[PDB]
Amino acid sequence: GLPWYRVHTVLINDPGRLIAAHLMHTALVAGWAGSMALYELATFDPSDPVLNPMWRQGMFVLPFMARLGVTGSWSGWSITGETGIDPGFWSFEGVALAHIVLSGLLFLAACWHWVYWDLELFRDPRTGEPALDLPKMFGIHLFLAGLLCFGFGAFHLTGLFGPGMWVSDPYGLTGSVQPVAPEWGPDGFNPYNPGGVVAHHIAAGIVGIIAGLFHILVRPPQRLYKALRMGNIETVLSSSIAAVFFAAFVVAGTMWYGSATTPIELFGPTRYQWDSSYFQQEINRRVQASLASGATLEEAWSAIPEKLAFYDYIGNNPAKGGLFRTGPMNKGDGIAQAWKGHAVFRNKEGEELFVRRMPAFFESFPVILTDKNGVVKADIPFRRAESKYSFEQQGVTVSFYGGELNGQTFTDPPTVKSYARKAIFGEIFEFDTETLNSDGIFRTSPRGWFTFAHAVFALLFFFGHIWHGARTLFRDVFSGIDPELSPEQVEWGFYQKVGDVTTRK
Amino acid sequence: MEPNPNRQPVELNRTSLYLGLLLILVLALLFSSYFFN
Amino acid sequence: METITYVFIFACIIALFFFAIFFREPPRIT
Amino acid sequence: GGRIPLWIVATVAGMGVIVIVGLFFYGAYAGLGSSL
Amino acid sequence: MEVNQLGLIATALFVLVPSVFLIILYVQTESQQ
Amino acid sequence: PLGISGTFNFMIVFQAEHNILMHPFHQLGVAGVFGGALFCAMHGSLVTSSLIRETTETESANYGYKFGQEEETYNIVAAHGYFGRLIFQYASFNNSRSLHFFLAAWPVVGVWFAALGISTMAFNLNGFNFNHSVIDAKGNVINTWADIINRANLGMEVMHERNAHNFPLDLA
Amino acid sequence: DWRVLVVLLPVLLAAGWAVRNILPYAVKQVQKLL
Amino acid sequence: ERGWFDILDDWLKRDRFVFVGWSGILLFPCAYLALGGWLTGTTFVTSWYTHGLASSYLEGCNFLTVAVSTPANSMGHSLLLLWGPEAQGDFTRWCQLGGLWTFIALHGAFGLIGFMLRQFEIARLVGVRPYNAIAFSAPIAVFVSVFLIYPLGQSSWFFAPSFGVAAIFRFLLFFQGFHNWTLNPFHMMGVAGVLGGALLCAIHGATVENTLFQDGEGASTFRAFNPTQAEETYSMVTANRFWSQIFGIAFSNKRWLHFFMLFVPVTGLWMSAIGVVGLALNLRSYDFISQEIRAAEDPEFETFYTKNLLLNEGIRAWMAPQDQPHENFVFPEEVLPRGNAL
Amino acid sequence: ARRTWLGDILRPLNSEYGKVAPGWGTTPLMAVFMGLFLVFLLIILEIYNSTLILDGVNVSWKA
Amino acid sequence: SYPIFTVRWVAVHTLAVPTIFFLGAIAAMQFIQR
Amino acid sequence: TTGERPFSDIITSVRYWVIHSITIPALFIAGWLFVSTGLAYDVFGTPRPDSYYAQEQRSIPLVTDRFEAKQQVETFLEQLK
Amino acid sequence: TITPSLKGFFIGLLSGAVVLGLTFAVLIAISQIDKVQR
Ligand code: CLA
Ligand code: CLA
Ligand code: CLA
Ligand SMILES: CCCCCCCCCCCCCCCC(=O)OC[C@H](COP(=O)(O)OC[C@@H](O)CO)OC(=O)CCCCCCCCCCCCCCC
Ligand SMILES: CC1=C(/C=C/C(C)=C/C=C/C(C)=C/C=C/C=C(C)/C=C/C=C(C)/C=C/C2=C(C)CCCC2(C)C)C(C)(C)CCC1
Ligand SMILES: CC1=C(/C=C/C(C)=C/C=C/C(C)=C/C=C/C=C(C)/C=C/C=C(C)/C=C/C2=C(C)CCCC2(C)C)C(C)(C)CCC1
Ligand SMILES: CCCCCCCCCCCCO[C@@H]1O[C@H](CO)[C@@H](O[C@H]2O[C@H](CO)[C@@H](O)[C@H](O)[C@H]2O)[C@H](O)[C@H]1O
Ligand SMILES: CCCCCCCS[C@@H]1O[C@H](CO)[C@@H](O)[C@H](O)[C@H]1O
Ligand SMILES: CCCCCCCS[C@@H]1O[C@H](CO)[C@@H](O)[C@H](O)[C@H]1O
Ligand code: OEX
Ligand SMILES: [Ca+2]
Ligand SMILES: [Ca+2]
Ligand SMILES: [Cl-]
Ligand SMILES: [Cl-]
Ligand SMILES: [Fe+2]
Ligand SMILES: [Mg+2]
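Residues numbered from 1 in each chain as written, not as in the entry; some residues may be left out. Chains lettered and ligands numbered in written order. Part of a larger assembly, values for the part shown. Heavy atoms only, no water. Residues with missing side-chain atoms left out of burial classes, pairs and counts.

The deposited coordinates for this entry were obtained by X-ray crystallography, with a reported resolution of 1.95 Å.

The record lists its title as "Crystal structure of PPBQ-bound photosystem II complex". If you open the UniProt record of chain L and go to Function, you find "Involved in the binding and/or turnover of quinones at the Q(B) site of photosystem II (PSII). PSII is a light-driven water plastoquinone oxidoreductase, using light energy to abstract electrons from H(2)O, generating a proton gradient subsequently used for ATP formation." Its UniProt record, at the heading Subcellular location, says of chain L: "Cellular thylakoid membrane". (UniProt positions renumbered as here; feature names shortened; annotations may be inferred.)

Labelled according to the PDB entry, chain K appears under the name Cytochrome b559 subunit alpha, originating from Thermostichus vulcanus.

Structure (structure tokens):
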């Protein structure tokens, strides 16, 4: 019989049951989406978008609903923190319900197409054999794809007839769903410009409509029909898989580096924002502007939004997790409660000292404090017997500005050292580690998990492309090579051109 | 209903059963430590 | 429960060896 | 055509390889890279 | 030890689901002809 | 040690104390097992590529071979005709006995040298040491990748068996 | 740069010397092709 | 009829000493430039401005320590094209900035594509199935995951492998100390596939060579084989009985045997590639949380797992200042982790 | 095979299996579009990579 | 009667010509002193 | 069997060695002079043994800015003289 | 405006076109000169 890894080849010459199997696959994926949204709604805590946003809670499909304008619950809350909102039907719950109902309808359609597989539509009128005109099907589907692509950009994303898309300021503080106009200049190819997403779908959609019409009306050249085996549905599988691993690598890349379609309020900040101290520089800029306007030090730091300080913390860096450290980020360092405020370290001479921050590469990192010029002034020693820079020897103190600890100063070495250890992580927060029995070990965000899955799947689909491309172009030898293979085809110099009998020398 | 002419019997011989069970069991012996963590 | 799991999987593998050797599909010259 | 015997070509070529590799090992002990 | 509490059923289904798939296929091969 | 993580412990300490990565017998060992895996995949792929058609599209091609049949089950002339054109004709084996001798000898000899690497580093004849080999005109040390290896080895050395050494040199 | 000509002249004289010896057989090979 | 395309197709597929093909238009320039780039860099080009390292024969390195080193971390993931905004067409500066690294990595990638296309093209011309090209997907998965995806997930090309013997050894030790890569089950499967592949290579070659039929009078038995002969040159039946009685199981199907020889090393390399994709994101198998919770509370609890972490901590602290010069690490003596005396 | 109302409506859309245009047909035009597409992907890649830097195009969150 | 210049000839010299040049360069390096 | 002249014929012929007794030593000497004249240093920008550091400096000249990296190296080089 | 890196982009584009054009021009020329005999 068929070996286990070929059972699905019974569909190759049976278009009705292929459509049935595709309907069943579509039913399963739609049902997964509905089930996933329901599970997330059953676990998502909407009470603090500042320090407990969705990306701290392991939310994977919630940000995708929010990205395209679904932001509210039937129960009255919204992900931006508003109360008494009425989202109409298209709440997170309505989206989930719609996917479940779609799933069921697709399941029933699959049953019909499986039983009524023998439709005259699937027979070539000349031969009576099962046949799909794949070149014309491609034009039909490309035209439909173009119409949908165009409509998505021209109506949904613009807000002309639809809600728009998630947009935010450069520091992810004030995000919301907004209508977005297309950008028709060169900045439309800037990945961080949302207007470019709008213009892409308008323009690529129109091109898809035109190319779809071309592919409906113009038959393939004989040379290409033969070369790509366009009568063989496995050629479409091969090239479709290739397109799909290309797309998977692109979405993995734009998730990891960030773009207008992977906003940090939905997926968490990027690792490169920690690498470049992106948020620390903005925090310092605002504090300096406050001081220059005559604010005190406590006032300047108290003016920093907790949300901004929270981005400047390595526990939100997606490059700090582990492959088998499962679950939400809150399961690791805990549920963030409050900013403790900015810690300023000083030695006995009153010089300000700065804790060397942890790079993402290091699971652990020493505690070293320098002056503004990078000269080492204090540390936590390993060997003590020749220590010169201990906090005890250097009289290191820590004072807090802003946050919970605003106005307080600590001088006992154990406490000062404890805050110095947290300062290698950036800004310091109070966490609830009890509610979830958090274990204190960093986990990655949905940005990390998405990137991982899609880079891995993209790589595996490269193999699938290679495999089915091979099966397409070598179909005639799939069961083995010619038993009467003339040794002269593989002997050198017999034919002038390799494998061409008409070039016998 | 008229029967479908595309149906095929499926087979798994005993050696393939043994090879498959070895793969599954060894993969489980390998990954279980990480599932328990 | 972890130790039981590890030893169980190992025991299944050893049983599999026994069947794969003494209850194999016999090789036959055709 | 074939006036120079192949075994002489191989012997001379092989001796040339030994000389050049030998020179490279000499340089590991002298000048740059010698640690001295 | 504080192990992951889902590790037991993860390991159990990891073994059982593909193993029973293979057993189903094997036995119905033996019963043919 | 007789265990998975204990094996890694042995390897890391071995690198710290013998610089095994820089030892040519371990390098031959790597050539042996990388090469063995390469030639395994090569030979497997070449024989599989030239199986003679004996089966239909809906059965495993493995049923085209019967245990104990006298005829070869693949066309070695076709396989050589492929591989000789992949590289060039004289880089390919046309003699099955020569081919299979090579498949035996390459990993076996390479792993012999691996074993002899461990067995001679057992007597502290260690990998190449190029620590501070490159020096500028004044005498400043110009680091190479060997010096970076040395820093990693030092980290292993100073931390391993952290309570066992009382005197400054680890002499066994 | 004098050093460029100092380095390239050995190769230049080599190519020149090789062409001189192979020229009659080169034009004979090319004459057969056309 | 025979247009210029078909006339060109004719010439490309001539049976000559080195086959060219359509794939050769991609393969030969890219393979030649990658190899020539490596030989050029290891012979003449420094890593002083990117790493603070000497890396060429010209500076005094030997075959084991030369490399074409990655660009400086400040380049990020710049393509670093010769005509790009960093080198601005200046060949000397391009070399000093690490341009040869992306030159080799990128021409190498397209050369590997060209080689796999060659495997398809030749198989199609001689009439064999394309399993050699299929098996080559494993080398490609390794090259792409290690030399492209991994640095693309990290801060810059700086942390990709540098092209050199000792440079690669450094890469191994970095992965131990920072990623605990030996603990990763995708690496472990890779190891099993490589060592299992080497085992299969050795045992199959030795089995064939020791179940040969006597097909000649010579005591050296290689001449007693004819490529065109129909008969198996060794006894599968005797080989099967030997291994059945020695090891308990034995191959009986030669087609399965040789497919298995493809499957094992190819699958192993594919698994190792998946683990490296995870390490691109620092998604490591670094720890066992249950072990760490127990060890933190119980200072008498010790396993080989906790012992290896101490080694990793030493590797990181002792190698990072020189291995990551852009970070400007200064670790005072007193903070360095060290056991007693050493 | 079974005829249906919808099947009869759609029949012309699945009736030209195997139909080809002679020879090379529109292959030259296709090649041009492929080349333009390749240049397009190269442009957007190099913009994202900061290898191609254009006035008014700040490839940053600060866009 | 054999041709002299072939594809093989080109492939041989793209490798052999730089190799000998490089080997002369590395030979000279052995006499460099800091 | 592929039409080209066998290598063993070529490298045992007198004409081959008449040509290559010149071309092989000429290339070797050209490579030698590429190093001995110092041209290799200037083509590839490799430091001579006296050009890694200025007389009193001990910090490596690491490139730290992507888009002005060319000028940074030029500044590093000026500080040697 | 046309920035220096856009000028660089054009230079790289033209360089690749030249390399490819010359390559195919030479290959087509040789293929027409040395045809296979049938
Ligand atoms: C693209 C796929 C994808 C991604 C990126 C996410 C991402 C996320 N999920 Mg979701 N999920 C998904 C699909 C996905 N999910 C699917 C399909 C289901 C149904 C099962 C779920 C059901 C689900 C639940 C119930 C939960 C999540 C949660 C989460 C969050 C934590 C993830 C985690 O800990 O993983 C850990 C990842 C691993 C341990 C990796 C496993 C690697 C496998 C085992 C390797 C197998 C190797 C193979 C056997 C080798 C064979 C080789 C052979 C060929 C030789 C994270 C945001 C959690 C959350 O926080 O919710 C709020 C949570 O509770 N997800
Ligand atoms: C659009 C995607 C797609 C589709 C429609 C197909 C379709 C097919 N494949 Mg291809 N393939 C693909 C992608 C795809 N493949 C990818 C990504 C790879 C690399 C992993 C392959 C590698 C591949 C090989 C090596 C082979 C096929 C074969 C086949 C044919 C028979 C499949 C069968 O009976 O399996 C039966 C499968 C089972 C009974 C169980 C499989 C269980 C898997 C391993 C674990 C669980 C998977 C899990 C449910 C996946 C969830 C979804 C995922 C995206 C996360 C069928 C035409 C076979 C063929 O060519 O036959 C002639 C064949 O030998 N495929
Ligand atoms: C098949 C052969 C091949 C391939 C695939 C590559 C590929 C590559 N080369 Mg390599 N190279 C090759 C052969 C090849 N090369 C040869 C023979 C030489 C010796 C001359 C070189 C010398 C070389 C150098 C010195 C460098 C590269 C570089 C590169 C990389 C960037 C190339 C690029 O951006 O071009 C873009 C150009 C194209 C893609 C051509 C597209 C042509 C279109 C389709 C036609 C339109 C042309 C248009 C009309 C012209 C208008 C111009 C006008 C508007 C001003 C890329 C990996 C760079 C690198 O590696 O960076 C680290 C680099 O610095 N190559
Ligand atoms: C066919 C049976 C062969 C039996 C021996 C088998 C031994 C195992 C093979 C391992 C040894 C490998 C070396 C063979 C050694 C060998 O067997 O020698 C025999 C071989 C034949 O020399 P002849 O003088 O007989 O030449 C006759 C032919 O040229 C006439 O068509 O000599 C060479 O091939 C020299 C190689 C120079 C090749 C330089 C070309 C450079 C082109 C670069 C492109 C390469 C491919 C690119 C694709 C990526
Ligand atoms: C019938 C009907 C109905 C109903 C419906 C329903 C109720 C549905 C549901 C559905 C559902 C409820 C579905 C679900 C699905 C799911 C899925 C499909 C999943 C899957 C999963 C997976 C595939 C996974 C995998 C994995 C694992 C497990 C681990 C990790 C890794 C991975 C990720 C791979 C209604 C009423 C409408 C009416 C009409 C008719
Ligand atoms: C990069 C680049 C390029 C290219 C260039 C080239 C292409 C080059 C080539 C080059 C070459 C092509 C070179 C070569 C060299 C070679 C050598 C250097 C060799 C050596 C050898 C030896 C030393 C040997 C050894 C040995 C062995 C291996 C084994 C046995 C024995 C003995 C030990 C002897 C261009 C311009 C495009 C552009 C710019 C960039
Ligand atoms: C929790 C994990 C669950 C995993 C579940 C996996 C389910 C796997 C289902 C396998 C279905 C096998 O499908 C079964 O195929 C066999 C042949 O192989 C068919 O059998 C058919 O062919 C055989 C062999 O010629 C004939 O003897 C038989 O009379 C005929 O009906 C059955 O009609 C069908 O029921
Ligand atoms: C005075 C020493 C103890 C208080 C200061 C120590 C750092 S702060 C401390 O750190 C813990 C880990 O992050 C958190 O769980 C907790 O919420 C936080 O208060
Ligand atoms: C770059 C190769 C792919 C594009 C091939 C397009 C061929 S185009 C094709 O070519 C024939 C000659 O070959 C001509 O006779 C014919 O008129 C022309 O239409
Ligand atoms: O035991 Mn295991 O390790 Ca051979 O070195 Mn000495 O001793 Mn201990 O130190 Mn390092
Ligand atoms: Ca607890
Ligand atoms: Ca001197
Ligand atoms: Cl230890
Ligand atoms: Cl001691
Ligand atoms: Fe074999
Ligand atoms: Mg020297």
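Draft legend 1. Main features of the overall build of chain K. Helix and strand content of chain K: four helices and zero strands. Relative to the 2.2 N^0.38 estimate, which gives 12 Å for 81 residues, the radius of gyration of chain K is 23 Å and therefore markedly larger than a compact globule would have. Its C-alpha atoms give chain K principal-axis dimensions of roughly 60 × 30 × 15 Å. (Helix = DSSP H or I, 4+ residues; strand = E, 2+ residues; numbered from the N terminus. Rg over C-alpha atoms; globule rule 2.2 N^0.38 Å.)

Draft legend 2. Spatial organisation of the site of ligand 8. Residue and element names in this part refer to chain A. Taken together, the residues surrounding ligand 8 are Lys340, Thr415, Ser418, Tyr419, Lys422, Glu430, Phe431 and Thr433. Within the contact set of ligand 8, an oxygen atom lies 2.5 Å away from a side-chain nitrogen or oxygen of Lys340. Note that an oxygen atom of ligand 8 is positioned 2.8 Å from one of the backbone N or O atoms of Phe431. Considered on its own, ligand 8 offers 480 Å² of accessible surface; in the complex 61% of this is hidden by protein. Of all the elements in the fold, those that place two or more residues in the shell around ligand 8 are α14 (413-423) and β9 (428-432). The element best represented in the shell around ligand 8 is α14, accounting for four residues. (Near = heavy atom within 4 Å. Polar contact = N/O pair within 3.5 Å; in protein donor to acceptor, adjacent residues only side chain to side chain. Areas by Shrake-Rupley, 256 points an atom, 1.4 Å probe, with all protein chains shown as cover.)

Draft legend 3. Region of the structure containing the pairing of strand β7 (residues 397-401) of chain A. Residues and elements named next belong to chain A. Across the five residues that make up β7, a large majority, five, are buried. Burial of β7 is two-sided: the residues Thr397, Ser399 and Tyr401 facing one way and the residues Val398 and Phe400 facing the other way are all buried. Pairing of strand β3 (residues 335-346) with β7 involves five bridges; the strand directions are antiparallel. Counterpart to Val344 in the pairing with β7 is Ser399. Pairing geometry for β7 and strand β8 (residues 409-410), over two bridges, is antiparallel. Among the inter-strand pairings, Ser399 is bridged to a residue of β8, identified as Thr409. (Buried < 20%, exposed > 50% of the residue type's maximum accessible area, 1.4 Å probe, protein only. Pairing = 2+ DSSP bridges.)

Draft legend 4. Fine view of the packing of aromatic side chains. Taken as a whole and judged by the stated rule, the model has 109 aromatic pairs over all chains. With a centroid separation of 6.3 Å and an interplanar angle of 40°, the aromatic rings of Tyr26 of chain D and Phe31 of chain J are classed as tilted. On the criterion of chain membership, the pair formed by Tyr26 of chain D in helix α1 (residues 6-27) and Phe31 of chain J in the segment after α1 (7-29) is interchain, its members lying in two chains. Ring centres 5.1 Å apart and planes at 50° place the aromatic pair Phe115 of chain H and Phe136 of chain H in the tilted group. Placement of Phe115 of chain H in helix α5 (residues 99-126) and of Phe136 of chain H in the loop between α6 (131-135) and α7 (137-153) is noted, with a sequence separation of 21 residues between them. The buried category is assigned to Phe136 of chain H, whose relative accessible area is 16%. Over the ring of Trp114 of chain A we find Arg17 of chain A; its NZ or CZ atom is 4.1 Å from the centre of that ring. A cation over an aromatic ring shows up here: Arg15 of chain K above the ring of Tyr25 of chain G, its NZ or CZ 4.4 Å from the ring centre. (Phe/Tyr/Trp six-rings, centres within 6.5 Å; stacked < 30°, edge-to-face > 60°. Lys NZ or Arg CZ within 6 Å of the ring centre and 35° of its normal.)

Draft legend 5. A look at the UniProt feature "binding site: heme" in chain K. In this structure's numbering, the residues bearing the UniProt feature "binding site: heme" are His20 of chain K. Turning to its location among the elements, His20 of chain K is positioned in helix α2 (residues 14-36). For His20 of chain K, a relative accessible area of 16% puts it in the buried group. The contact partners of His20 of chain K, leaving out residues within four places of it in the chain, are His13 of chain J together with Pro25 of chain K. (Contact = heavy atoms within 4.5 Å.)

Draft legend 6. Molecular detail of the site of ligand 5. Residues and elements named next belong to chain A. Taken together, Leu28, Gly31, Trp32, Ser35, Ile100, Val101, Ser103, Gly104 and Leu108 make up the full set of residues adjacent to ligand 5. Relative to its unbound accessible area of 970 Å², ligand 5 is 33% covered by the protein chains. Secondary-structure elements contributing two or more residues to the shell around ligand 5 are α1 (15-43) and α3 (92-115). With five residues, α3 is the single largest residue contributor to the shell around ligand 5.

Draft legend 7. Representation of the interface of chain H and chain F in the model. With 97 residues of chain H at the interface, the matching set in chain F holds 90 residues. Together chain H and chain F conceal approximately 8400 Å² of surface at their shared face, both sides included; 69% is due to carbon and sulfur atoms. On the chain H side of the contact with chain F, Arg255, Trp318 and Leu342 of chain H bury the most area, a combined 11% of that side's loss. On inspection of chain H and its partner chain F, the count reaches four salt bridges. Linking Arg85 of chain F and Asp15 of chain H is a salt bridge whose minimum nitrogen-to-oxygen distance equals 2.8 Å. Linking chain H with chain F are 32 residue pairs in polar contact, by the criterion used here. Of all the secondary structure elements, the ones that give two or more residues to the side of chain H that touches chain F are α3 (48-51), α5, α6, α8 (165-179), α9 (185-209), α10 (236-247), α11 (254-279) and α13 (304-323) of chain H. Counting residues per element, the side of chain H that touches chain F draws most heavily on α9 of chain H, which supplies 13 residues. (Buried area = accessible area lost by both parts, 1.4 Å probe. Salt bridge = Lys/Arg side-chain N within 4 Å of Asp/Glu carboxyl O.)

Draft legend 8. Here's a closer look at the UniProt feature "transmembrane region" in chain K. In this numbering, the UniProt entry assigns the feature "transmembrane region" to residues 18-32 of chain K. Counted over residues 18-32 of chain K, helix gives 100% and strand 0%. Its end C-alpha atoms are 22 Å apart.

Draft legend 9. Examining a nonpolar patch on the surface more closely. Together, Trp74, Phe89, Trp90, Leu97, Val101, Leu105, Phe107 and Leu108 of chain A line one region of the surface with nonpolar side chains, adding up to about 850 Å² of accessible area. Residue class for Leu105 of chain A comes out exposed when judged on its relative accessible area of 54%. (Patch = residues over 30% accessible without salt bridge, like charges linked within 9 Å, V, L, I, M, F, W, Y side chains within 5 Å.)

Draft legend 10. A negative patch on the surface, seen in detail. On the surface, a cluster of negative charge is made up of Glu54, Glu70 and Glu71 of chain F together with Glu231 of chain H. As for its placement among the helices and strands, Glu70 of chain F is situated in the loop between α2 (24-49) and α3 (76-86). Classification of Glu70 of chain F as exposed rests on a relative accessible area of 65%. (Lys, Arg positive; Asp, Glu negative; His and termini not counted. Charge placed at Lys NZ, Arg CZ, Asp CG, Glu CD.)

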